[PDB]
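Below is one structure, written out as structure tokens; comments come after it.
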Amino acid sequence: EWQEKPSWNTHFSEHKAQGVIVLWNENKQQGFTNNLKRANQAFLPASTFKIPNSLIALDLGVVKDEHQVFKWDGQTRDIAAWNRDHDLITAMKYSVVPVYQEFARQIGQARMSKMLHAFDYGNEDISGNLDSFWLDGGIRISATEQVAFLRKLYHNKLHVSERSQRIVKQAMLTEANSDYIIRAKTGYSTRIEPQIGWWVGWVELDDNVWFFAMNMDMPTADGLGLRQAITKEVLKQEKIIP
Amino acid sequence: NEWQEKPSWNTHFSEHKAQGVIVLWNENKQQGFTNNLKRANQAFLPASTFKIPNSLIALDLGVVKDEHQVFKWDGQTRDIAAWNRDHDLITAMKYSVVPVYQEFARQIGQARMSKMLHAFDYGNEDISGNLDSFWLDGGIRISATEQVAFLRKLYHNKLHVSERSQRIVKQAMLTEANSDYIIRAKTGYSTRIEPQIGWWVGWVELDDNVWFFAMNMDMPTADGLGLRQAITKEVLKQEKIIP
Ligand SMILES: [Cl-]
Ligand SMILES: [Cl-]
Ligand SMILES: [Cl-]
């Protein structure tokens, strides 16, 4: 079941922001959100799509392992961190779009489409450009659907090999300390309105896992840091992290 | 492998009234560094750093099925409160839960434990002593440079166990991670046979390189346990490996 916590709206309004956070207590099989309506509203995934894209590329052997080098093609693109060699870990960390656009070209429309359906991923729709449908094409996913997808990934329940799922969860590693581990991926959809930021992932504790997915209106890139900060405010209010 | 002595790093021990060795290995350049070459090659009891090979063996023999399988508490109230509860592989490594791993060793048995440690080229490969305590008070000995040689094989999935077991153990070694680095490591604290020492062994993952490390230091009281990580981090920062 889900549970609306209207009080959670404070963490968006006090930063002059609008958005939704969805939390799922894995032990209790219970979910929470500040707004049920926006929690089920579907948006472009933008770079959160790197999670399923990585999985498919690994499963098909386009990516051999997490340290295989994807050599820069020498084309100077607008983001300097993209204009160099990467592996899967740094391609995820630096959200290196051209690396993932090449994965999509190699996967191809037929296999991309069939795998998204097998994942039950959002509307499972790849309409648009093969190399950009997750930025300006027809694919859409909600915060609650991100959580459903992530829980399957966490439990190795997607129907790719276990190895492919473990490698992707490695590549999602964002923060770890003696209190918690976070595996997650940011997103920033700017190509079509509404411009939004994403953060989806989970928090591993000693004895529970808490899945999360948030999106928020992002008129300016100046607020991108709020994706993680609002999420962390909610986690601390709920005593999930100190 | 190829080591170079940097005696100036001794200040990181002596300024804390400590005595020990740190070994650092630059994977890209295939180059090693240490404050003291002799102690870097001196073998000690591994204590709970043995949980790294013991985990690998237990996973590959199916004694442990996966990293969230529950090891029920055996009902004995031991001195370390964090031990007196159910554990999985992740939390058994994090809280260094010895009795869980003593039961693994009893399930593994002497013949398979010996064969696997020979396969890993682990230290002196000697399992003399009690099957369930030889890494705390038996015959096994391993040096800081040997720890690194072992960890490099694990990092590259080159040890003679399944890739899955190696990936699970590297996940279970996860200690710290941020936007600058990831540390996969394991502490140890050898108290049963003199000289009592502390250990920290592992590696630092950067965007473009991997730095392996193994340190040990004398530990006559538990008061200095935090220096295992703090001295390592002092060296890492001075060398610009971490901010
Ligand atoms: Cl939409
Ligand atoms: Cl992308
Ligand atoms: Cl142990």
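Chains: A, B, ... in order of the structure tokens. Residues: from 1 per chain. Ligands: from 1, in order shown.
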Near-ligand residues for ligand 1, threshold 9 Å, only C-alpha atoms and all ligand atoms, as a PDB file with C-alpha atoms, in the first residue's frame:
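Listed below is the output, selection_18.pdb:
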ATOM      1  CA  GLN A  41       2.841  11.344 -12.871  1.00  0.00           C
ATOM      2  CA  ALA A  42       4.995  10.128 -15.761  1.00  0.00           C
ATOM      3  CA  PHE A  43       8.019  12.084 -17.019  1.00  0.00           C
ATOM      4  CA  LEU A  44      10.975  11.573 -19.313  1.00  0.00           C
ATOM      5  CA  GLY A 138       8.177   8.872 -26.141  1.00  0.00           C
ATOM      6  CA  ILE A 139       9.387   6.987 -23.041  1.00  0.00           C
ATOM      7  CA  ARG A 140       7.801   8.023 -19.732  1.00  0.00           C
ATOM      8  CA  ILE A 141       8.076   6.767 -16.163  1.00  0.00           C
ATOM      9  CA  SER A 142       6.680   7.825 -12.777  1.00  0.00           C
ATOM     10  CA  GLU A 193       8.846  20.997 -20.779  1.00  0.00           C
ATOM     11  CA  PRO A 194       8.493  20.618 -17.928  1.00  0.00           C
TER      12      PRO A 194
END
DSSP on the backbone: which residues in segment 135-190 of chain B end up as alpha helix (DSSP H)? Give the answer as a VMD selection string. chain B and resid 135 to 137 144 to 155 163 to 172
For the residues in that selection, give me N, CA, C and O atoms as a short mmCIF file (atom, residue, chain, number, x, y, z; two decimals), in the first residue's frame.
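Output contents, as saved in result_5.cif:
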data_model
loop_
_atom_site.label_atom_id
_atom_site.label_comp_id
_atom_site.auth_asym_id
_atom_site.auth_seq_id
_atom_site.Cartn_x
_atom_site.Cartn_y
_atom_site.Cartn_z
N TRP B 135 43.68 -18.40 12.18
CA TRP B 135 44.01 -17.04 11.77
C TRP B 135 44.04 -16.07 12.94
O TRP B 135 44.40 -14.90 12.76
N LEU B 136 43.69 -16.53 14.14
CA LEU B 136 43.80 -15.75 15.37
C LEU B 136 44.89 -16.25 16.30
O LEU B 136 45.46 -15.46 17.06
N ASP B 137 45.18 -17.55 16.28
CA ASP B 137 46.21 -18.06 17.19
C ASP B 137 46.91 -19.32 16.67
O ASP B 137 47.59 -20.00 17.46
N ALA B 144 52.42 -7.38 4.76
CA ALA B 144 51.64 -6.30 4.14
C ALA B 144 51.78 -6.32 2.62
O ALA B 144 50.79 -6.07 1.90
N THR B 145 52.98 -6.60 2.09
CA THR B 145 53.12 -6.70 0.64
C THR B 145 52.37 -7.92 0.11
O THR B 145 51.80 -7.87 -0.99
N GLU B 146 52.37 -9.02 0.86
CA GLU B 146 51.57 -10.18 0.45
C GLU B 146 50.07 -9.89 0.46
O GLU B 146 49.33 -10.42 -0.37
N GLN B 147 49.59 -9.11 1.44
CA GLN B 147 48.19 -8.70 1.44
C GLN B 147 47.85 -7.99 0.14
O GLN B 147 46.82 -8.26 -0.48
N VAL B 148 48.72 -7.08 -0.29
CA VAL B 148 48.48 -6.33 -1.52
C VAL B 148 48.44 -7.27 -2.72
O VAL B 148 47.58 -7.15 -3.60
N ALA B 149 49.42 -8.19 -2.80
CA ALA B 149 49.45 -9.11 -3.94
C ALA B 149 48.16 -9.89 -4.04
O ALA B 149 47.64 -10.12 -5.14
N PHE B 150 47.63 -10.31 -2.89
CA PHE B 150 46.36 -11.04 -2.84
C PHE B 150 45.19 -10.15 -3.27
O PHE B 150 44.33 -10.56 -4.06
N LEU B 151 45.14 -8.94 -2.73
CA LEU B 151 44.04 -8.01 -3.06
C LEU B 151 44.03 -7.64 -4.54
O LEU B 151 42.96 -7.41 -5.11
N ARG B 152 45.21 -7.48 -5.16
CA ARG B 152 45.24 -7.19 -6.60
C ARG B 152 44.57 -8.31 -7.40
O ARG B 152 43.83 -8.05 -8.35
N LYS B 153 44.80 -9.57 -7.03
CA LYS B 153 44.14 -10.66 -7.74
C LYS B 153 42.63 -10.59 -7.56
O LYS B 153 41.86 -10.81 -8.52
N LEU B 154 42.19 -10.28 -6.34
CA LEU B 154 40.75 -10.17 -6.07
C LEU B 154 40.16 -9.02 -6.86
O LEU B 154 39.09 -9.15 -7.49
N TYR B 155 40.84 -7.88 -6.87
CA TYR B 155 40.35 -6.75 -7.64
C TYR B 155 40.15 -7.12 -9.11
O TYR B 155 39.15 -6.73 -9.73
N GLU B 163 33.83 -15.88 -10.36
CA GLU B 163 33.76 -14.42 -10.42
C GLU B 163 32.72 -13.88 -9.45
O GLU B 163 32.94 -12.87 -8.77
N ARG B 164 31.57 -14.57 -9.35
CA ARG B 164 30.51 -14.12 -8.47
C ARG B 164 31.00 -13.99 -7.03
O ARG B 164 30.71 -13.00 -6.35
N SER B 165 31.70 -15.00 -6.53
CA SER B 165 32.20 -14.93 -5.16
C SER B 165 33.11 -13.73 -4.98
O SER B 165 33.09 -13.07 -3.94
N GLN B 166 33.93 -13.43 -5.98
CA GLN B 166 34.84 -12.29 -5.88
C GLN B 166 34.07 -10.97 -5.89
O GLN B 166 34.37 -10.07 -5.09
N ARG B 167 33.03 -10.88 -6.72
CA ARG B 167 32.21 -9.66 -6.74
C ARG B 167 31.47 -9.48 -5.43
O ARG B 167 31.34 -8.36 -4.95
N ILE B 168 30.92 -10.57 -4.88
CA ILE B 168 30.20 -10.44 -3.61
C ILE B 168 31.14 -9.98 -2.51
O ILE B 168 30.79 -9.12 -1.71
N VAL B 169 32.36 -10.54 -2.45
CA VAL B 169 33.26 -10.17 -1.36
C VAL B 169 33.71 -8.71 -1.52
O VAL B 169 33.80 -7.95 -0.54
N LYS B 170 33.97 -8.29 -2.75
CA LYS B 170 34.32 -6.89 -2.97
C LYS B 170 33.16 -5.95 -2.61
O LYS B 170 33.39 -4.85 -2.10
N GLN B 171 31.93 -6.36 -2.88
CA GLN B 171 30.79 -5.61 -2.35
C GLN B 171 30.82 -5.58 -0.83
O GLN B 171 30.60 -4.53 -0.22
N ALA B 172 31.11 -6.74 -0.19
CA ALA B 172 31.05 -6.79 1.26
C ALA B 172 32.24 -6.07 1.90
O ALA B 172 32.18 -5.72 3.09
#
Once you count only C-alpha atoms, which residues of chain A turn out to be within 10 Å of chain B? Could you give them as a ChimeraX atom specification? /A:67,85-87,89-91,93,162-163,166-167,169-170,173-178,180-182,205-207
For the residues selected in the previous step, produce a file with N, CA and C atoms as a tab-separated table (two decimals), in the first residue's frame.
chain	number	residue	atom	x	y	z
A	67	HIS	N	35.08	-2.13	-16.22
A	67	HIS	CA	36.31	-1.37	-16.44
A	67	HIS	C	36.75	-1.37	-17.89
A	85	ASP	N	38.34	9.33	-22.54
A	85	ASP	CA	37.99	7.92	-22.35
A	85	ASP	C	37.22	7.73	-21.05
A	86	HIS	N	36.32	6.75	-21.06
A	86	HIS	CA	35.51	6.44	-19.89
A	86	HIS	C	35.38	4.92	-19.75
A	87	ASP	N	35.01	4.46	-18.55
A	87	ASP	CA	34.49	3.09	-18.39
A	87	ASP	C	33.07	3.21	-17.84
A	89	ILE	N	31.86	2.81	-14.83
A	89	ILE	CA	31.79	3.53	-13.56
A	89	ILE	C	31.82	5.05	-13.79
A	90	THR	N	32.80	5.54	-14.57
A	90	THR	CA	32.88	6.99	-14.79
A	90	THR	C	31.84	7.47	-15.79
A	91	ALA	N	31.38	6.61	-16.71
A	91	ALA	CA	30.30	7.02	-17.61
A	91	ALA	C	29.02	7.27	-16.83
A	93	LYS	N	29.05	8.03	-13.41
A	93	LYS	CA	29.36	9.16	-12.53
A	93	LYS	C	29.23	10.50	-13.25
A	162	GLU	N	22.37	-12.54	-13.37
A	162	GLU	CA	22.66	-11.94	-12.08
A	162	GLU	C	23.89	-11.05	-12.17
A	163	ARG	N	24.89	-11.49	-12.93
A	163	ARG	CA	26.12	-10.71	-13.07
A	163	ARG	C	25.83	-9.32	-13.61
A	166	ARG	N	24.44	-7.19	-10.87
A	166	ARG	CA	25.43	-6.81	-9.87
A	166	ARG	C	26.33	-5.71	-10.39
A	167	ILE	N	26.75	-5.80	-11.65
A	167	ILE	CA	27.63	-4.78	-12.21
A	167	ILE	C	26.94	-3.43	-12.21
A	169	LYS	N	24.49	-2.40	-10.22
A	169	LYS	CA	24.38	-1.86	-8.87
A	169	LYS	C	25.73	-1.34	-8.37
A	170	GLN	N	26.83	-1.98	-8.77
A	170	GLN	CA	28.14	-1.42	-8.48
A	170	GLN	C	28.27	-0.02	-9.08
A	173	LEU	N	26.83	3.02	-7.30
A	173	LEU	CA	27.32	3.42	-5.98
A	173	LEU	C	27.59	4.92	-5.94
A	174	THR	N	26.92	5.60	-5.02
A	174	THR	CA	27.05	7.05	-4.88
A	174	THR	C	27.69	7.47	-3.57
A	175	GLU	N	27.29	6.86	-2.46
A	175	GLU	CA	27.84	7.23	-1.16
A	175	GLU	C	27.84	6.00	-0.26
A	176	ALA	N	28.88	5.86	0.57
A	176	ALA	CA	28.92	4.78	1.55
A	176	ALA	C	29.70	5.24	2.77
A	177	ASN	N	29.22	4.88	3.96
A	177	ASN	CA	29.89	5.22	5.22
A	177	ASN	C	29.47	4.19	6.26
A	178	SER	N	29.87	4.39	7.52
A	178	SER	CA	29.52	3.41	8.54
A	178	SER	C	28.04	3.43	8.92
A	180	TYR	N	25.32	4.09	6.27
A	180	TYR	CA	24.44	3.73	5.17
A	180	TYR	C	25.27	3.64	3.90
A	181	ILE	N	24.67	2.98	2.90
A	181	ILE	CA	25.12	2.93	1.52
A	181	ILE	C	23.98	3.47	0.65
A	182	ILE	N	24.31	4.36	-0.27
A	182	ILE	CA	23.36	4.83	-1.27
A	182	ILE	C	23.80	4.38	-2.65
A	205	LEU	N	20.68	-0.13	4.72
A	205	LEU	CA	21.02	-0.09	6.13
A	205	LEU	C	21.42	-1.49	6.58
A	206	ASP	N	21.88	-1.60	7.84
A	206	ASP	CA	22.24	-2.92	8.38
A	206	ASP	C	21.07	-3.91	8.26
A	207	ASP	N	19.84	-3.47	8.54
A	207	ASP	CA	18.74	-4.42	8.63
A	207	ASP	C	17.51	-4.05	7.81
Contact residues around residue 118 of chain A with only C-alpha atoms at 10 Å, ignoring same-chain residues under 4 positions, as a PyMOL selection string: chain A and resi 112-114+124+158-160
Pick out each residue of segment 1-210 of chain A that DSSP on the backbone tags as strand (DSSP E); I need them as number ranges by chain. A: 19-25, 30-33, 173-176, 181-189, 196-204, 209-210
Write out, as CSV, each residue of chain A that has an atom at most 6 Å from ligand 2, together with the closest pair of atoms and their distance in Å to one decimal, counting only C-alpha atoms and all ligand atoms, rows going by chain and rising number.
residue,atom,partner,partner_atom_place_in_ligand_line,distance
A:47,CA,ligand 2,1 (Cl),4.6
A:50,CA,ligand 2,1 (Cl),5.6
A:97,CA,ligand 2,1 (Cl),4.1
A:100,CA,ligand 2,1 (Cl),5.3
Go through chain B residue by residue and, counting only C-alpha atoms and all ligand atoms, keep those with an atom at most 12 Å from ligand 3; for each kept residue give the shortest atom pair and its distance in Å to one decimal, ordered by chain and increasing number, as JSON lines.
{"residue": "B:45", "atom": "CA", "partner": "ligand 3", "partner_atom_place_in_ligand_line": "1 (Cl)", "distance": 11.6}
{"residue": "B:46", "atom": "CA", "partner": "ligand 3", "partner_atom_place_in_ligand_line": "1 (Cl)", "distance": 9.3}
{"residue": "B:47", "atom": "CA", "partner": "ligand 3", "partner_atom_place_in_ligand_line": "1 (Cl)", "distance": 6.4}
{"residue": "B:48", "atom": "CA", "partner": "ligand 3", "partner_atom_place_in_ligand_line": "1 (Cl)", "distance": 4.6}
{"residue": "B:49", "atom": "CA", "partner": "ligand 3", "partner_atom_place_in_ligand_line": "1 (Cl)", "distance": 7.6}
{"residue": "B:50", "atom": "CA", "partner": "ligand 3", "partner_atom_place_in_ligand_line": "1 (Cl)", "distance": 6.3}
{"residue": "B:51", "atom": "CA", "partner": "ligand 3", "partner_atom_place_in_ligand_line": "1 (Cl)", "distance": 5.4}
{"residue": "B:52", "atom": "CA", "partner": "ligand 3", "partner_atom_place_in_ligand_line": "1 (Cl)", "distance": 9.2}
{"residue": "B:53", "atom": "CA", "partner": "ligand 3", "partner_atom_place_in_ligand_line": "1 (Cl)", "distance": 10.3}
{"residue": "B:54", "atom": "CA", "partner": "ligand 3", "partner_atom_place_in_ligand_line": "1 (Cl)", "distance": 8.2}
{"residue": "B:55", "atom": "CA", "partner": "ligand 3", "partner_atom_place_in_ligand_line": "1 (Cl)", "distance": 9.6}
{"residue": "B:83", "atom": "CA", "partner": "ligand 3", "partner_atom_place_in_ligand_line": "1 (Cl)", "distance": 11.6}
{"residue": "B:89", "atom": "CA", "partner": "ligand 3", "partner_atom_place_in_ligand_line": "1 (Cl)", "distance": 11.9}
{"residue": "B:92", "atom": "CA", "partner": "ligand 3", "partner_atom_place_in_ligand_line": "1 (Cl)", "distance": 9.1}
{"residue": "B:93", "atom": "CA", "partner": "ligand 3", "partner_atom_place_in_ligand_line": "1 (Cl)", "distance": 8.7}
{"residue": "B:94", "atom": "CA", "partner": "ligand 3", "partner_atom_place_in_ligand_line": "1 (Cl)", "distance": 11.4}
{"residue": "B:95", "atom": "CA", "partner": "ligand 3", "partner_atom_place_in_ligand_line": "1 (Cl)", "distance": 10.3}
{"residue": "B:96", "atom": "CA", "partner": "ligand 3", "partner_atom_place_in_ligand_line": "1 (Cl)", "distance": 6.6}
{"residue": "B:97", "atom": "CA", "partner": "ligand 3", "partner_atom_place_in_ligand_line": "1 (Cl)", "distance": 6.4}
{"residue": "B:98", "atom": "CA", "partner": "ligand 3", "partner_atom_place_in_ligand_line": "1 (Cl)", "distance": 3.9}
{"residue": "B:99", "atom": "CA", "partner": "ligand 3", "partner_atom_place_in_ligand_line": "1 (Cl)", "distance": 7.0}
{"residue": "B:100", "atom": "CA", "partner": "ligand 3", "partner_atom_place_in_ligand_line": "1 (Cl)", "distance": 7.5}
{"residue": "B:101", "atom": "CA", "partner": "ligand 3", "partner_atom_place_in_ligand_line": "1 (Cl)", "distance": 5.1}
{"residue": "B:102", "atom": "CA", "partner": "ligand 3", "partner_atom_place_in_ligand_line": "1 (Cl)", "distance": 6.5}
{"residue": "B:103", "atom": "CA", "partner": "ligand 3", "partner_atom_place_in_ligand_line": "1 (Cl)", "distance": 9.7}
{"residue": "B:104", "atom": "CA", "partner": "ligand 3", "partner_atom_place_in_ligand_line": "1 (Cl)", "distance": 9.5}
{"residue": "B:105", "atom": "CA", "partner": "ligand 3", "partner_atom_place_in_ligand_line": "1 (Cl)", "distance": 9.4}
{"residue": "B:131", "atom": "CA", "partner": "ligand 3", "partner_atom_place_in_ligand_line": "1 (Cl)", "distance": 11.8}
{"residue": "B:132", "atom": "CA", "partner": "ligand 3", "partner_atom_place_in_ligand_line": "1 (Cl)", "distance": 8.9}
{"residue": "B:133", "atom": "CA", "partner": "ligand 3", "partner_atom_place_in_ligand_line": "1 (Cl)", "distance": 8.0}
{"residue": "B:134", "atom": "CA", "partner": "ligand 3", "partner_atom_place_in_ligand_line": "1 (Cl)", "distance": 9.8}
{"residue": "B:135", "atom": "CA", "partner": "ligand 3", "partner_atom_place_in_ligand_line": "1 (Cl)", "distance": 7.6}
{"residue": "B:136", "atom": "CA", "partner": "ligand 3", "partner_atom_place_in_ligand_line": "1 (Cl)", "distance": 7.8}
{"residue": "B:137", "atom": "CA", "partner": "ligand 3", "partner_atom_place_in_ligand_line": "1 (Cl)", "distance": 11.3}
{"residue": "B:186", "atom": "CA", "partner": "ligand 3", "partner_atom_place_in_ligand_line": "1 (Cl)", "distance": 11.0}
{"residue": "B:187", "atom": "CA", "partner": "ligand 3", "partner_atom_place_in_ligand_line": "1 (Cl)", "distance": 10.6}
{"residue": "B:188", "atom": "CA", "partner": "ligand 3", "partner_atom_place_in_ligand_line": "1 (Cl)", "distance": 8.8}
{"residue": "B:189", "atom": "CA", "partner": "ligand 3", "partner_atom_place_in_ligand_line": "1 (Cl)", "distance": 10.1}
{"residue": "B:190", "atom": "CA", "partner": "ligand 3", "partner_atom_place_in_ligand_line": "1 (Cl)", "distance": 10.4}
Residues near residue 217 of chain B, anyone? I mean within 6 Å using only C-alpha atoms, not counting same-chain ones fewer than 5 positions away, as a PyMOL selection string. chain B and resi 19-20+197-198
Written file, previous selection with N, CA and C atoms, as a compact mmCIF listing (two decimals), in the first residue's frame:
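Saved file selection17.txt follows:
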# COMPACT_ATOMS: atom_id res chain seq x y z
N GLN B 19 53.90 2.74 15.90
CA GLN B 19 54.98 2.03 15.22
C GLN B 19 54.36 1.03 14.26
N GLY B 20 54.74 1.09 12.99
CA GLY B 20 54.09 0.22 12.04
C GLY B 20 54.60 0.46 10.64
N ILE B 197 48.72 -6.42 17.17
CA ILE B 197 48.80 -5.43 16.09
C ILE B 197 47.41 -5.14 15.58
N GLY B 198 47.33 -4.04 14.83
CA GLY B 198 46.13 -3.70 14.08
C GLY B 198 46.44 -3.72 12.60
Distance criterion (only C-alpha atoms): nearest to residue 76 of chain A out of A:223, A:45, A:61, A:98: A:98
Atom pair atom CA of residue 6 of chain A / atom CA of residue 211 of chain A: separation (Å): 19.1 Å
Using only C-alpha atoms, which of A:78, A:222, A:120, A:233 sits nearest residue 21 of chain A?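 That would be A:233, the residue with the smallest distance to residue 21 of chain A.
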Which of these, A:225, A:19, A:219, A:108, has the shortest distance to residue 37 of chain A once you count only C-alpha atoms? A:19
Env of residue 40 of chain A: 12 Å cut, atoms = only C-alpha atoms, seq-sep filter 5 positions within chain, self excluded. Answer as number ranges by chain. A: 2, 19-22, 33-35, 122, 140-148, 213-215
Take the selection from the previous step and output its residues with N, CA and C atoms, as a short mmCIF file (atom, residue, chain, number, x, y, z; two decimals), in the first residue's frame.
data_model
loop_
_atom_site.label_atom_id
_atom_site.label_comp_id
_atom_site.auth_asym_id
_atom_site.auth_seq_id
_atom_site.Cartn_x
_atom_site.Cartn_y
_atom_site.Cartn_z
N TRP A 2 0.26 2.39 -0.35
CA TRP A 2 0.92 3.68 -0.29
C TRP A 2 0.25 4.55 0.77
N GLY A 19 7.76 19.46 -6.15
CA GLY A 19 8.22 18.13 -6.51
C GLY A 19 7.52 17.06 -5.73
N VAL A 20 8.00 15.83 -5.90
CA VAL A 20 7.47 14.68 -5.18
C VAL A 20 8.65 13.85 -4.69
N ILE A 21 8.51 13.28 -3.50
CA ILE A 21 9.40 12.21 -3.06
C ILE A 21 8.54 11.00 -2.74
N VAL A 22 9.04 9.83 -3.12
CA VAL A 22 8.41 8.54 -2.89
C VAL A 22 9.42 7.72 -2.09
N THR A 33 4.58 8.99 0.31
CA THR A 33 4.85 10.09 -0.59
C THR A 33 4.18 11.35 -0.07
N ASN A 34 4.74 12.51 -0.44
CA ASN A 34 4.08 13.77 -0.11
C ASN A 34 2.86 14.06 -1.00
N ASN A 35 2.79 13.47 -2.20
CA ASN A 35 1.71 13.74 -3.14
C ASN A 35 1.51 12.49 -4.00
N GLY A 122 8.35 1.71 -17.11
CA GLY A 122 7.46 2.80 -17.51
C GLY A 122 6.47 2.40 -18.57
N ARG A 140 8.24 7.29 -20.91
CA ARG A 140 7.80 8.02 -19.73
C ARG A 140 7.78 7.07 -18.56
N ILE A 141 8.12 7.57 -17.38
CA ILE A 141 8.08 6.77 -16.16
C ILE A 141 7.76 7.67 -14.97
N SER A 142 7.01 7.12 -14.01
CA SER A 142 6.68 7.82 -12.78
C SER A 142 7.64 7.45 -11.64
N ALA A 143 7.60 8.25 -10.57
CA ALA A 143 8.40 7.93 -9.39
C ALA A 143 8.03 6.57 -8.81
N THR A 144 6.74 6.24 -8.74
CA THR A 144 6.43 4.93 -8.17
C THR A 144 6.92 3.80 -9.09
N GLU A 145 6.86 4.01 -10.42
CA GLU A 145 7.39 3.02 -11.36
C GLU A 145 8.91 2.90 -11.30
N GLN A 146 9.62 4.01 -11.05
CA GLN A 146 11.06 3.88 -10.79
C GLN A 146 11.33 2.96 -9.59
N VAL A 147 10.58 3.14 -8.50
CA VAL A 147 10.79 2.30 -7.32
C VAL A 147 10.53 0.83 -7.65
N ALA A 148 9.42 0.55 -8.35
CA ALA A 148 9.10 -0.83 -8.71
C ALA A 148 10.22 -1.45 -9.53
N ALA A 213 12.48 7.66 -4.85
CA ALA A 213 12.51 8.29 -6.15
C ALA A 213 11.88 9.66 -5.97
N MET A 214 12.56 10.68 -6.47
CA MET A 214 12.08 12.04 -6.37
C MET A 214 12.24 12.72 -7.72
N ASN A 215 11.29 13.59 -8.04
CA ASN A 215 11.50 14.52 -9.13
C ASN A 215 11.00 15.88 -8.68
#
Excluding same-chain residues fewer than 6 positions from residue 221 of chain A, what lies within 10 Å of it counting only C-alpha atoms, as JSON, numbers by chain? {"A": [188, 190, 195, 196, 197]}
For C-alpha atoms, I'd like the residues from the last selection saved as an mmCIF file, in the first residue's frame.
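Written file, result-v5.cif:
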data_model
loop_
_atom_site.group_PDB
_atom_site.id
_atom_site.type_symbol
_atom_site.label_atom_id
_atom_site.label_comp_id
_atom_site.auth_asym_id
_atom_site.auth_seq_id
_atom_site.Cartn_x
_atom_site.Cartn_y
_atom_site.Cartn_z
ATOM 1 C CA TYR A 188 17.951 16.259 -15.420
ATOM 2 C CA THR A 190 15.815 19.755 -20.084
ATOM 3 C CA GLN A 195 12.177 20.760 -17.068
ATOM 4 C CA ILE A 196 12.681 18.414 -14.116
ATOM 5 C CA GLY A 197 15.371 16.879 -11.949
#
Of the candidates B:82, B:140, B:108, B:227, which one gets nearest to residue 17 of chain B if we count only C-alpha atoms? B:227
